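Structure record follows, encoded as structure tokens.
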Amino acid sequence: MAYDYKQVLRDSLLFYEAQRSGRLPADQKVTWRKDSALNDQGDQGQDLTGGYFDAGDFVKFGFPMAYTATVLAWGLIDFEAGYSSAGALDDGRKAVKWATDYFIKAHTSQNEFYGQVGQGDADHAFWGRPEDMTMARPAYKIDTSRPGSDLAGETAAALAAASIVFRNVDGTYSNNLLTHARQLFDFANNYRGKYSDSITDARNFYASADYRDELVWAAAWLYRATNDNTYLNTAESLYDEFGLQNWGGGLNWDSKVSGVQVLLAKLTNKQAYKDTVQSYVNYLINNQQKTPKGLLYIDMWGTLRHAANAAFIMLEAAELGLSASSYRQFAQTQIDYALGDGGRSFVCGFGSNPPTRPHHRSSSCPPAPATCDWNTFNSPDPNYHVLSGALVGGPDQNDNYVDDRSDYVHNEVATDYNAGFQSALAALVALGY
Ligand SMILES: [Ca+2]
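Okay, so the sequence shown: first residue is 1 according to the deposited numbering, each after it adds one.
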């Protein structure tokens, strides 16, 4: 009873530390993780070390990584008090910076951006510690001949959001983030195209459904970060041109629709955006399919991620003054389900009977020099290291679940899975829940 949201927030940050690629800091808290992927580089040998490994693998997928950064920064901006109350403000900022420092490296030229390091097949064929990888790690990029409005746009949004986060604590860094954000948006807007049609390897892992929502999302964030009316005008012009008011609701690495709407509602105070947001939220609370125990069931993939993302949109809607009490309560029921109100915790390393076998390579490995290979994956025992803070895919439409390492549906973990979740936790702490 009564969950310690402050500690879960700290736990989520430990999950992101566990996803760190590159050279780890002396103050790393998740110390079983070691320096890795130190040879990541671009076509000309540009340094591309750092960033976050996407999920239980070691590929650096730029699209969901950027989305993760934008949402984490977003929560830091609107619910900073939540981080401070949990004594995790510094760490919260570091989680965002780990991503943005990498995006800066990936932005090799004004209209050139590396969206991936590591190949899906070569990476996934390996099961072991990241520092033990010996396979080639190709780096793929988008440019004026191979556009990626979605990838460049989301990265611009993330950079713009981070510039706000660091505006006072590190003005120099804030300025740099913004310079890159502006250039990446121009690239995204002037060279239209889906990044997965260029970086084809990503088409079977993180294919983009549509890049138009990212353009609006990016422009909105740039307006917020610059107060430059041109970005607001562009954001709203594209919103109307693309007719986002009628797009399917929801917020996730692929679709920014609901985020764009609640964001613009705040930035413009216009009733139209608020109407769209209300309709969406009321729909979720009153009609969207739910499991018998109350969990919003939006899809079989990353089920908890979808419910937590919805919870965050609800918390953001509450801030606009929309049915604040009921929206916040419902958001809490979704987070609380993930924490254990459905019978067991679905957050590794936390609560009652949590998942102990997440589909995750680094946490499954014993410490060197012991070998870590597919026999480790095949082990009947729980993952050697507890992956504190990771939100798994979750239970099925009937609240059924079995902790299985091979189950990449229910036991999948990923950076995008914890983004909305973590920001929602910060909001709950800020609200005094
Ligand atoms: Ca999209």
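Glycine is no exception: its CB is placed at the ideal position from the N, C-alpha and C atoms.
beta-carbon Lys256 near ligand 3 non-hydrogen atom, thresh 7 Å: Here the bound small molecules are ligand 1; ligand 3 is not part of this structure.
Check: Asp150 C-beta below 7 Å from any heavy atom of ligand 1: yes
Residues near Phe421 in its chain [Cβ-Cβ closer than 6 Å; skip 5 each side]: Cβ within range, chain order: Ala308 and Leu391.
Residue closest to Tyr408, alpha-carbon to alpha-carbon, out of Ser345, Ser363, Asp399 and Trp301: In this structure, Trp301 is the residue among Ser345, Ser363, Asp399 and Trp301 with its C-alpha nearest to the C-alpha of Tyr408.
Inter-residue Cα distance where the pair is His385 and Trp253: If I take the Cα positions, the gap works out to 27 Å.
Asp373 to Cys365 span [Cα, whole Å]: Rounded to whole angstroms, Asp373 to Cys365 spans 8 Å at the Cα level.
Beta-bridge pairing of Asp47 - partner residues as DSSP gives them: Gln41
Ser109: CB within 7 Å of a non-hydrogen atom of ligand 1: no
Burial state of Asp121, where buried means 16 or more other Cβ atoms lie within 10 Å: exposed
Straight-line gap, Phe187 to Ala218 (C-alpha atoms, nearest Å): 12 Å
heavy atom of ligand 1 below 7 Å from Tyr211 C-beta: yes
Length of the line joining the Cα atoms of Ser258 and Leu251: 5 Å
Sequence-distant residues of the same chain with beta carbon closer than 7 Å to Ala95, five excluded per side: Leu13, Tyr16 and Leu72
Alpha-carbon spacing of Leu177 relative to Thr100, whole angstroms: 8 Å
Nearest neighbour of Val59, chosen from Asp91, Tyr114 and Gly87 [CA to CA]: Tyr114
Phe61 in three-state terms, based on DSSP: strand
Paired residues, beta bridge with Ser36 - DSSP: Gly22
Assigned secondary structure, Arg192 (DSSP; H/G/I helix, E/B strand, else coil): coil
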